[PDB]
Structure formats: structure tokens, C-alpha cells
Amino acid sequence: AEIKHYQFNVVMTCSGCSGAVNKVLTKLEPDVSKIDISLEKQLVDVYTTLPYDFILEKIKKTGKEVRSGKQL
Amino acid sequence: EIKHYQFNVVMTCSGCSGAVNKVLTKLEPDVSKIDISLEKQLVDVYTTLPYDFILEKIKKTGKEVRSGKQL
Ligand SMILES: [Cu+]
């Protein structure tokens, strides 16, 4: 039950782009604790007890381009 | 038997529409044509696959789907 911190570089070009990604991840609450998105930096930060590959696949299935991901 | 489905999807930029297009292209060639209009907020899908399967693929983008119908 450790909360891990994953960070993704995701191509998002409007508030709708970011809102869509936030929607799909927020649906995983309470297993997702917090989502931060920065349009400036094209970053998605996910704080969660879920595995990295699970989170990555939920983002990829949005159709948004994921340029990188990592665990912090 | 090729069905024509049409969805009203809230899409605000080419990144929104490109995402919808991307999830649909993963189903080629069973999805044989995809036409998306930002101006009209419309996604037209021509496919042999079931309506609900297509709808669920589109709902996974996280975009709002206002309605869908088979033409
Ligand atoms: Cu967008």
C-alpha cells in the first residue's frame, strides 16, 4: 500500500486534452490518490498504489501520444 | 455487413480529434473508414464491429460522448 509517483510526458494541446486524461485517471480513485497535469510542461504526474504498466496502458488507451514515462 | 455509426464527441483541438482517430485506427481493417469533423463535433465510423465495442473504445479517450447512432 505504498503510494508511488509516476510521471508521463504526454502530448496535450488544449484543456480538453488534459481534462480527458484527468477523467480517465480520476475514475481510478481511490487507488489513484492524486493527479497533477501541466499543459506547459506536457507532464502528467500520477500518485497511486497501482502498477506502472497499468497506469501507462490507461493513458495509452486514451489515444494521446505518450513520449516517455518514469517512476520518481 | 458494414455499418455506419456516428457519434457526437466533444473535441476541442486537433489533439482531441487525433486521439479519437488513433484509438479507432488500432481496429483497422475492421474499421474501414474514420471521418472526424471538429467543426461539427462528429465522428463517423464505418465498420463490421459492434456499436457498443466502438462506443467503448471512444469512451476510453476520456472525451465526452454526447450521443451515438447507426445511420
Ligand atoms: Cu485538445
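Cβ placement follows ideal geometry from the backbone for every residue including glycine, while neighbour counts extend to all protein chains displayed. Values in this text are rule-based calculations from the coordinates and carry no lab data.
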Subject >> Nonlocal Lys pairs with alpha-carbon distance under 18 Å, chain A (8 or more apart, or different chains) >> reply: 20
**OP:** Could you check the simple spin-label distance between A:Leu39 and B:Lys33, using points 7 Å along Cα→Cβ, in nm with one decimal?
**Re:** 3.5 nm
Original post:
Tilt of helix A:15-26 relative to the longest C-alpha principal axis of chain A, in degrees (0 to 90, nearest 10)?
Top reply: 20 degrees
Original post:
Once label points are set 7 Å from the Cα along Cα→Cβ at both B:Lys26 and B:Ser14, what is their separation, rounded to one decimal in nm?
Top reply: 2.3 nm
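Can you pull a Stokes-Einstein diffusion coefficient for the protein assembly as shown at 10 °C (1.306 mPa s), Rh from Kirkwood over Cα pairs, as a whole number of µm²/s?
Values: Rh = 15.6 Å.
The estimated diffusion coefficient comes to 102 µm²/s.
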**OP:** Name the long-range amide H neighbours of A:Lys34: under 5 Å, sequence gap of 5 or more, or other chain; modelled H, no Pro or chain starts.
**Re:** A:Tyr47
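So if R0 is 41 Å, what FRET efficiency would A:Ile3 and B:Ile2 give, r being the distance between their Cβ atoms, rounded to the nearest 0.05? Walk me through the intermediate numbers first.
Numbers: r = 47 Å, r/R0 = 1.15.
Efficiency, rounded to the nearest 0.05: 0.30.
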Original post:
If you plug each phi of region A:31-36 into the Karplus form 6.51 cos²θ - 1.76 cosθ + 1.60 with θ = phi - 60°, what whole-Hz ³J(HN,Hα) values come out, in order, with x for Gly and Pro?
Top reply: 5, 8, 7, 7, 10, 10
Original post:
When the helix-only estimate is applied to the protein assembly as shown (DSSP H runs of n ≥ 4, each -39,500 (n - 2.57), divided by the residue count), what is the mean residue ellipticity at 222 nm, nearest 500 deg cm²/dmol?
Top reply: -9000 deg cm²/dmol
Original post:
Once the Cα gyration tensor of chain B is found, what semi-axes does its equivalent ellipsoid get, as square roots of 5 times the eigenvalues, in whole Å, sorted largest first?
Top reply: 18, 12, 11
